[PDB]
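Chain and residue survey
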Amino acid sequence: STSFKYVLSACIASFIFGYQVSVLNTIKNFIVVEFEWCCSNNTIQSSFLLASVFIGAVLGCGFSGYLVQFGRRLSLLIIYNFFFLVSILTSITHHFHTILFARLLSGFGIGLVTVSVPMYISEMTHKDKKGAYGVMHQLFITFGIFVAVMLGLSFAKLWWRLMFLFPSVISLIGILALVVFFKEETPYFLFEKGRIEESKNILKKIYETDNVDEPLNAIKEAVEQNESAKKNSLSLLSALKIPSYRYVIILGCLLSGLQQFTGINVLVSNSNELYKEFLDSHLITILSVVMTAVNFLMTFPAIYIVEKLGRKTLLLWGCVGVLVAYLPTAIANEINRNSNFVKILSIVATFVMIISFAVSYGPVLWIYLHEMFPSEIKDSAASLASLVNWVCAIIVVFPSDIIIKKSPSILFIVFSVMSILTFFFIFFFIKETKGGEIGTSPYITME
Ligand SMILES: C=CCCCCCCCCCO[C@@H]1[C@@H](O)[C@@H](O)O[C@H](CO)[C@H]1O
């Protein structure tokens, strides 16, 4: 219930993230519209904006990896302030050359969110139920996206400026709630700096029990593992020289990369404008809305199954969904385009695909990315995994856009291939961490 509240704050952060994703999707769609219309400055400003935001997201993720060592909650507050100031300065829209740096810092804050949130949620909750709360994180991401989309609905441009203004209010709510209600950092990091009693206190607050014994012992084992890592001078590059460390790191990075390879949002947005079949634009908007609603409403059964079944199994079922969705899509689109059956199949299979991909892939990916890494090397590995996540995010977004301009068959069949390979990968190289202790892995024993 209390952990539910901490997770609620991190879910305000996730809400901001979701909004940023959605307004980025509307931005790209608008730019593409005007680009189809026309013939220099537009492409330049757009390219600079997207590039700056994206590299800002990646660098922001790496620098989030470096910053999260200073504090998790402090990082969250830095995020809130960043999004506050940036959203304000962008919503003003008086300054012409400031908007670029605004997009840059915005991306920075976004990456900061990406790295910071799942760790904070994972370390602030119960060992068994941490997953469900990670699913709550993803849930408020999707909720943020949906809220933004539905909020979309020279005066309408001022309304758009208001759309730019809203994140300032949301961030302000986040700052207020967080600072006022909870001043406590994670028990893990409290015990990391050498402070035992504060960690024990906040742990007593979380577990709602005077006995912190077993969790305190786990955290103690983690800290001792960190000190032992400091004794041998273990680092990221040093982890690359040891087969086990590079094994689990490669597993994580490739897992996240395969999560991005699915090409979810890109498929949603590209296929949304791909086959209109001369249907009303209102029907297209409705398609996008019900797709987002589908994302959320399928986001909840994610918490259901993660609570019940486990980690890897759900991933397998999701890969099944994506496969069954993409294969007939690939075949039918390979046959002929501009066909009714091809269009309907594309839409329905897209629905099944987004349901399954959300409910299976998203939360489980983030949570497992948090859990799979040992306390010896965790933050750097996860941060680099998110870095690879954003790189693969670009590798998905832009080339899938140029290819969907070229022809859909390529994108569909390569996404299908990457999906099957994702199934085989998750089944073969990944083990279930369910009921796992903090800072441990099923792959490696002690030292
Ligand atoms: C139409 C889109 C315009 C181009 C967008 C460029 C910014 C990249 C967005 C990264 C999306 O990544 C999310 C992923 O991290 C996961 O949390 O789930 C989400 C879905 O639920 C994924 O969209």
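Residues numbered from 1 in each chain as written, not as in the entry; some residues may be left out. Heavy atoms only, no water. Residues with missing side-chain atoms left out of burial classes, pairs and counts.

Per the PDB record, this model was obtained through X-ray crystallography at a reported resolution of 3.7000 Å.

**Brief notes about the overall build of the protein chain**
Rules: For the purposes of this entry, the term helix denotes a DSSP run of H or I that reaches at least four residues, the term strand denotes a run of E that reaches at least two, and both are numbered from the N terminus. With C-alpha atoms as the basis for the radius of gyration, the globule rule is written as 2.2 Å multiplied by the number of residues raised to the power 0.38.
Secondary structure summary: the protein chain contains 17 helices and 0 strands in total. Taken against the 2.2 N^0.38 rule, which gives 22 Å for 447 residues, the C-alpha radius of gyration of the protein chain at 22 Å falls within 12% of a compact globule. Seen through its C-alpha atoms, the protein chain measures out along the principal axes to roughly 65 × 50 × 40 Å.

**Remarks on the environment of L254**
Which entries qualify depends on this criterion: Three exposure classes are used, based on accessible area relative to the maximum for each residue type with a 1.4 Å probe and protein chains only: buried under 20%, partly exposed in between, and exposed over 50%.
Residue placement: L254 occurs in helix α11 (residues 243-261). By relative accessible area, which is 47% here, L254 ends up partly exposed. The spacing of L254 and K308 is 54 residues in sequence and 26 Å in space, taken between C-alpha atoms.

**Quick notes on the packing of helix α4 (residues 98-123) against helix α5 (residues 130-152)**
Using the following cut-off: Axis definition: a line fitted to C-alpha atoms, over the contacting stretch in the case of helices. Angles run 0 to 180 degrees between N-to-C directions. Two helices crossing with the near one rotated counterclockwise from the far one by less than a right angle form a left-handed crossing, whereas a clockwise rotation gives a right-handed crossing. The contact rule is simple, with two residues in contact once any of their heavy atoms fall within 4.5 Å. Residues were grouped as follows: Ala, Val, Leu, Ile, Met, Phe, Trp, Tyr, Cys and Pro as nonpolar; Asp, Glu, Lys and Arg as charged; and all remaining residues, including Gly, as polar.
For the pair α4 and α5, interaxial distance at closest approach is 9 Å and the crossing angle is 150 degrees. Judged by the twist between their axes, the crossing of α4 over α5 is right-handed. Facing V117, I121 and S122 of α4, the residues of α5 in contact are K130, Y133, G134 and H137. Of the residues contributing to the contact of α4 with α5, the split by class is 3 nonpolar, 3 polar and 1 charged.

**Thoughts on the side chain of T422**
Mapped onto the fold, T422 is located in helix α17 (residues 408-429). Given a relative accessible area of 2%, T422 falls into the buried group. In contact with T422, other than residues within four places in its own chain, are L258, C319 and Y361.

**Some points on the state of the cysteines**
This is how it is decided: Note on disulfides: each one is a pair of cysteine sulfur atoms within 2.5 Å.
Evaluation of the coordinates by the stated rule reveals 1 disulfide. Free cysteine: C253, not disulfide-bonded; nearest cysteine sulfur from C392 at 9.1 Å. Its relative accessible area of 11% is what places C253 among the buried residues. The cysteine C319 is free of any disulfide, with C392 supplying the nearest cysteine sulfur at 15 Å. What makes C319 buried here is its relative accessible area of 4%.

**Quick word on α11**
Where we set the bar: In this analysis, the expected span of each helix is defined as 1.5 Å times one less than the number of residues it contains.
Counted at 1.5 Å a residue, the expected span for α11 with its 19 residues is 27 Å, and the 26 Å between its end C-alpha atoms agrees. Packed against the buried residues of α11 are α10 (236-240), α15 (340-371), α16 (379-406) and α17. Phi for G263, located one or two positions after α11, is positive at around 65 degrees.

**Quick look at the site of the ligand**
Heads up, the rule is: Note on terminology: near, applied to a residue and a molecule or strand, indicates that one of the residue's heavy atoms is within 4 Å of it. Side-chain atoms alone can form a polar contact between residues adjacent in sequence; in general such a contact is a pair of N or O atoms within 3.5 Å, and within protein one must be able to donate a hydrogen while the other accepts it. Throughout, the Shrake-Rupley method with a 1.4 Å probe supplies accessible areas, and for residues the shown protein chains are the sole cover considered.
Inspection of the region around the ligand gives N25, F54, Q138, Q259, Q260, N265, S269, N295 and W366 as its neighbouring residues. Between the ligand and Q138 there is a distance of 3.1 Å, counted from an oxygen atom to a side-chain nitrogen or oxygen. Within the side chain of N265, one N or O atom sits 2.9 Å away from an oxygen atom of the ligand. Relative to its unbound accessible area of 590 Å², the ligand is 92% covered by the protein chains. Mapped onto the shell around the ligand, the elements with two or more residues apiece are α11 and α12 (264-274).

**Quick notes on the packing of aromatic side chains**
This is how it is decided: Put simply, two rings from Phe, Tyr or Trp (the six-membered ring, in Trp's case) pair if the centres are within 6.5 Å, and we call them stacked under 30 degrees between planes, edge-to-face over 60, tilted for the rest.
Throughout the structure, instances matching the rule amount to 16 aromatic pairs. An angle of 25 degrees between the planes, with centres 6.1 Å apart, marks the rings of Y326 and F415 as stacked. Taken together, the positions of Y326 in helix α14 (residues 312-335) and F415 in helix α17 put the pair 89 residues apart, joining distant regions of the chain. One exposure class covers both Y326 and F415, and it is buried. Ring plane angle 35 degrees and centroid distance 4.6 Å describe the contact between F424 and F428, whose orientation is recorded as tilted. Highlighted residues: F424 and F428, both in helix α17, separated by 4 residues, approximately one helical turn. We classify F424 as partly exposed; its relative accessible area is 48%. Taking the relative accessible area as the measure of exposure, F428 reaches 55% and is therefore exposed.

**Quick look at the packing of α16 against α17**
How we decide: The cut-offs work like this: below 35 degrees is roughly parallel, past 145 is roughly antiparallel, 65 to 115 is roughly perpendicular, and the gaps in between are oblique.
Their axes nearest at 7 Å, the elements α16 and α17 cross at an angle of 140 degrees. Considering their axes alone, α16 and α17 lie oblique with respect to each other. Residues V396, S400, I403 and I404 of α16 pack against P408, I410, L411 and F415 of α17. A breakdown of the residues in the contact of α16 with α17 according to their chemical character gives 7 nonpolar, 1 polar and no charged.

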